[PDB]
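# Tertiary structure, described
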Amino acid sequence: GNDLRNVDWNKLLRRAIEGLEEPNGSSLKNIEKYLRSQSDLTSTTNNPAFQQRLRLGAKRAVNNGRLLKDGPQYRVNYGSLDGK
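Here is a short report on the structure shown in this document. (Residues numbered from 1 in each chain as written, not as in the entry; some residues may be left out. Heavy atoms only, no water.)

## Points about the side chain of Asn10
Here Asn10 shows up in helix 1 (residues 9-20). Not counting chain neighbours up to four residues away, the residues in contact with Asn10 comprise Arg15, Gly57, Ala61 and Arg66. (Helix = DSSP H or I, 4+ residues; strand = E, 2+ residues; numbered from the N terminus. Contact = heavy atoms within 4.5 Å.)

## Topic: unusual backbone geometry
Even without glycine at this site, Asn24 takes up a positive phi of about 60 degrees. For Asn24, the position within the fold is in the loop between helix 1 and helix 2 (28-37). In this model, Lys84 sits at a positive phi of 65 degrees, which is unusual for a non-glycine residue. Locating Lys84 in the fold gives a position in the segment after strand 2 (73-76).

## Observations concerning the environment of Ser43
Within the fold, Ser43 resides in helix 3 (residues 42-46). For the pair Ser43 and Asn63, spaced 20 residues apart in the sequence, the C-alpha separation amounts to 27 Å.

## Digging into the side chain of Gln73
As for its placement among the helices and strands, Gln73 is situated in strand 2. Within the local environment of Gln73, its side chain forms a polar contact with the backbone oxygen of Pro23, the two atoms lying 3.0 Å apart. (Polar contact = N/O pair within 3.5 Å; in protein donor to acceptor, adjacent residues only side chain to side chain.)

Below, the structure written as structure tokens:
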């Protein structure tokens, strides 16, 4: 992709959450699978740092309250994107 910028992992991560719609949220593996399937952003998905960026971003996202840790699945949390 001609666009070389760091997307808000939360956007792709959370967006992937709604995409799967997996009951009671979805796991990181399933979430990454959906994003990886995507074709428009294939640039990011194909980007090796795709899984790393999502894995690292997801970790912080939870620490910020962006996502919800519910077992092997994670649900989107609007309470506060920034966190706290």
